[PDB]
Protein chains: 2
Amino acid sequence: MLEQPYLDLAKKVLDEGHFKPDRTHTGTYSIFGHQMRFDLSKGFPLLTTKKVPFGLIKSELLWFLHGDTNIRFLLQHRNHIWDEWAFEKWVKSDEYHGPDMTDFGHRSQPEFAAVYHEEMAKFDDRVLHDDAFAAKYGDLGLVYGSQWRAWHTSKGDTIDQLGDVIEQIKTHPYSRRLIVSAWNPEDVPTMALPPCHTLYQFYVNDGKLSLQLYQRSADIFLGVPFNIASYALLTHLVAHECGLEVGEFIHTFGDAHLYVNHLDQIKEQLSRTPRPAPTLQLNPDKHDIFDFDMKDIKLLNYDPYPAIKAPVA
Amino acid sequence: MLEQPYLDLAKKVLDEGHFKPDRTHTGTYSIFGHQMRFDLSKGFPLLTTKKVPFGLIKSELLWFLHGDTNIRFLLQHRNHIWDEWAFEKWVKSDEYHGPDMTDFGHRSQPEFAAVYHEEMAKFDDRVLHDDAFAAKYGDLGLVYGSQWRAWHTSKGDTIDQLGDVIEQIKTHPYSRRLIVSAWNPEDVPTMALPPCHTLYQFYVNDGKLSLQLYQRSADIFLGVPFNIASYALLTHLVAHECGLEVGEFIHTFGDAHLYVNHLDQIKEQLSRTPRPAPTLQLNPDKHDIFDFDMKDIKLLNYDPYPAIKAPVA
Ligand SMILES: Cc1cccc2c1C(=O)N(c1cc(-c3ccccc3)ccc1O)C2=O
Ligand SMILES: Cc1cccc2c1C(=O)N(c1cc(-c3ccccc3)ccc1O)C2=O
Ligand SMILES: O=c1ccn([C@H]2C[C@H](O)[C@@H](COP(=O)(O)O)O2)c(=O)[nH]1
Ligand SMILES: O=c1ccn([C@H]2C[C@H](O)[C@@H](COP(=O)(O)O)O2)c(=O)[nH]1
């Protein structure tokens, strides 16, 4: 089945992974250096054995593809995937007054979880309808939108890294320099989250576009399914714009890990039986992906087992 | 045998690789996305089935480790691996007078090869003994020494990327952010050679340092053996400085390819039988690798079959 390599990865870290301390003081079981392939000709790698909301994937990737870094666009699609990072600079700012919000994400795991959900609703509506607030606390800064489409240069300017590589694929498809990078040595030592999706690379041979992601670290239970779909989607999108058929998505990992408190959740999922893979439908009559909207992308026959509970990693 | 994964890679591209046009107008047989592992506890991955001069590896890696970008240091060790790039800016410069040196590297493949070797001897001695010349034509600029140790920042400064990551490994060994990057989006669109060794990543779990290289494109016959040894050496060196034992070197590839005119050479080599792996000896009494000299690194029991002829890729 198309998602088997995901299920083998979970199972490999289960059986032969070693205990590794981590930055968050959860325990992990970890392996270093791993590689999965997904043949995109065969269908779309949205796990069927655990629900992954494709609406969430596509709205975030479109956020990225527009060069957007403000939570507002996500919110207008009720995509709450980055909310907690924006909240960070609201709570801790010289403009915040309210109840205690230190360790917010950490201590929300049982009575605090009630007032927290309260301030987060006040923060979301405010970002939605208060432009100056949005500008100050809604904008994430150095997230994948700027890195891909507005990369800051030593000379004061800004480089459209992904735009330029697409023209390269169009014009020199056989080039082995088709790299988009999210890793800025000037920025990583002090940034909130150095990008886990460090670098990707396009490849064209005989009508097919492929992509390989180098992911420096991977939460197997929560992150990976979402990460497979984002970058498999991007492969399709870029193929679509270049008039190419779709090849493989290759997921390469640095530290691929299972958090200690996701062990039961993973055992639950491994006893589930993969269902026929959904198929991706892209707008046949629109090709300029930076101008893509939600309706331009549709998934057919997605048939997941339910979502599985977590504690957040 | 320790080098089997190299021999399987050659054999995989032989049997299931597809013909791909390239930048140099040679033909290639190519595959996209590949991953080899070398257990460094088992011995040193210097191919025995084809001679790889370790002297050349170590002098180049020391060049890098010092932040050096001038051909002069290489030359003092009779390391001619980068000469042709420096020559480039001499021949084509507003200071060159002599016989025709256009396409120099390309047309040197039968009577031209005599006068070319002549100007290259005049260029090498000149760089060796003429400091101002050395400064103008000996210095390569944006090669791995600056990228690793003097990375230029938007604010006019220069970042010691590799120095800083070593302190990180020392101080936060379990960090999943131990990345050194050679890929600068500001520089790649106009540079002579965008680095093939795009990015590497360190990993520590239970006393062992590992490293993974993301190599964007790989000449299997000429480049790869040299590339395995460079980065396996760096793994040992960094382990040595951090007081760690050695784990795995993981070589990950974008476009791993066999040039069309290296097919016989590769078939010759596959009929050779791997010999017991050499063992690496590092100075037990010196640990600061940026202060390492040639004598600080020794290889024991290296026992290669002869070198194999080529046309240069
Ligand atoms: C990089 C970055 C930055 C901020 C915030 C998130 C991420 C991120 O990667 N994710 C994420 C969430 C889920 C998830 C899983 C179950 C339920 C809800 C969300 C799954 C995969 C993910 O990668 C973030 O929420
Ligand atoms: C990146 C870069 C830049 C300039 C110049 C060289 C390289 C390079 O990688 N090499 C190289 C040479 C040989 C080689 C093979 C047989 C004989 C002599 C040399 C093997 C592997 C190599 O990677 C360069 O010469
Ligand atoms: O898109 C993402 C973003 C984050 N992570 C996970 C990996 C790590 O568990 C954690 C990041 O922590 P560090 O690697 O930066 O330490 O989040 C993912 O898996 N995918
Ligand atoms: O250290 C190196 C440097 C270069 N190459 C090879 C790969 C390609 O065949 C060629 C570089 O050409 P491009 O990938 O930039 O097109 O040199 C290597 O294998 N290893």
Side-chain angles (χ1 to χ4, degrees), chain B residues 44 46 51-93 95-96 98 101 104-105 108 113 116-150 158 160 162-163 182 192-193 195-197 222-223 225-234 236-238 240-241 278 280-283 285-300 302 304 307 312:
Chain B
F44 193 80
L46 237 214
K51 186 210 210 173
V52 190
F54 195 56
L56 261 33
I57 300 317
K58 27 181 276 199
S59 79
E60 205 217 16
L61 184 80
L62 281 190
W63 195 47
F64 296 161
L65 247 29
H66 300 341
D68 205 356
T69 49
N70 207 302
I71 289 325
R72 181 188 273 183
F73 173 95
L74 262 21
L75 249 17
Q76 293 160 343
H77 291 92
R78 204 99 264 95
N79 183 330
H80 296 265
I81 272 183
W82 285 85
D83 280 17
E84 307 213 49
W85 289 103
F87 201 62
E88 200 194 349
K89 271 84 202 284
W90 165 235
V91 34
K92 118 282 188 224
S93 79
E95 201 209 302
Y96 183 57
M101 289 298 160
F104 63 95
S108 288
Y116 170 70
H117 289 28
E118 261 318 82
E119 292 303 298
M120 187 61 95
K122 296 188 163 303
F123 173 84
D124 286 340
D125 285 287
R126 196 123 184 248
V127 159
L128 252 8
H129 304 118
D130 190 335
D131 284 17
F133 194 82
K136 190 175 297 137
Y137 306 103
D139 184 13
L140 261 9
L142 268 5
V143 291
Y144 295 104
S146 58
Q147 283 124 9
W148 296 6
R149 313 255 352 252
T158 236
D160 182 13
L162 176 59
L193 192 54
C196 294
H197 310 125
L222 309 66
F226 268 78
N227 303 151
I228 299 173
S230 304
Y231 287 86
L233 185 54
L234 181 70
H236 277 271
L237 284 169
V238 167
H240 187 73
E241 162 127 16
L280 194 82
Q281 208 106 139
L282 270 17
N283 197 318
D285 289 297
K286 208 174 147 160
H287 300 266
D288 152 56
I289 59 154
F290 294 157
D291 191 21
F292 258 43
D293 302 318
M294 295 276 77
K295 281 169 175 36
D296 293 322
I297 308 150
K298 268 147 210 204
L299 195 63
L300 303 182
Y302 183 60
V312 187

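Residue numbers begin at 1 in each chain, while the letters A, B, ... track the order of the sequences.
- The structure places CD1 of B:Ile71 at 4.5 Å from CG of B:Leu140, a figure rounded to the nearest 0.5 Å.
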(message) Determine whether B:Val143 and B:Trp63 satisfy the following criterion, side-chain contact (heavy atoms from CB on, under 4.5 Å), listing intermediate values before the conclusion.
(response) CA-CA 10 Å; B:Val143 291; B:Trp63 195 47; 4.2 Å; yes

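- In this structure the side chain of B:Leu162 never reaches within 4.5 angstrom of the side chain of B:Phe64, judged on heavy atoms.
- Here the closest non-hydrogen pair linking B:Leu233 and B:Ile297 is CD1-CG2, 3.8 Å.
- By the side chain to side chain contact (heavy atoms under 4.5 Å, CB included) test, B:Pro225 is found to be paired with B:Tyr6, B:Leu47, B:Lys50, B:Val52, residues two or more places apart in sequence or in another chain being considered.
- A pairwise comparison of heavy atoms in B:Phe226 and B:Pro53 identifies CZ-CD, 3.8 Å as the closest pair.
- One finds the CG atom of B:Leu282 at 5.0 Å from the NE2 atom of B:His240 (value rounded to the nearest 0.5 Å).
- Taking CG from B:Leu237 and CG from B:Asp296, the interatomic distance works out to 9.5 Å, rounded to the nearest 0.5 Å.
- B:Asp125 contributes atom CG, which lies 12.0 Å from atom CE of B:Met120 (distance to the nearest 0.5 angstrom).
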Show which side-chain atoms of residues 81-90 of chain B pair as donor or acceptor with protein atoms under 3.5 Å away, not counting sequence neighbours.
| from | atom 1 | to | atom 2 | distance (Å) |
| --- | --- | --- | --- | --- |
| B:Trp82 | NE1 | B:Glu60 | OE2 | 2.7 |
| B:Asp83 | OD2 | B:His80 | ND1 | 2.7 |
| B:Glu84 | OE1 | B:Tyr116 | OH | 2.7 |

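- Rounded to the nearest 0.5 angstrom, B:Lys136 NZ and B:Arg126 CZ are separated by 9.0 Å.
- Under the 4.5 Å side-chain criterion, counting only non-hydrogen atoms from C-beta, B:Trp148 is in contact with B:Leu65.
- The backbone N or O of B:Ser93 sits nowhere less than 3.5 Å from a side-chain atom of B:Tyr137 that would complete a donor-acceptor pair.
- With sequence neighbours excluded, the residues forming a side chain to side chain contact (heavy atoms under 4.5 Å, CB included) with B:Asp285 are B:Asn283, listed by chain and number.
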(message) Using the rule given for side-chain contact (heavy atoms from CB on, under 4.5 Å), can you reason through B:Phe123 versus B:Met101, listing the C-alpha separation, both sets of side-chain angles and the distance that settles it, and then say yes or no?
(response) CA-CA 13 Å; B:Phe123 173 84; B:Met101 289 298 160; over 6 Å; no

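- B:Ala134 and B:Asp131 get closest at one heavy-atom pair: CB-O, 3.4 Å.
- B:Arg149 places no side-chain N or O within 3.5 Å of a backbone atom of B:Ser146 that could act as its donor or acceptor partner.
- From B:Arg72, atom CZ reaches atom CG of B:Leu74 across 12.5 Å, with rounding to the nearest 0.5 Å.
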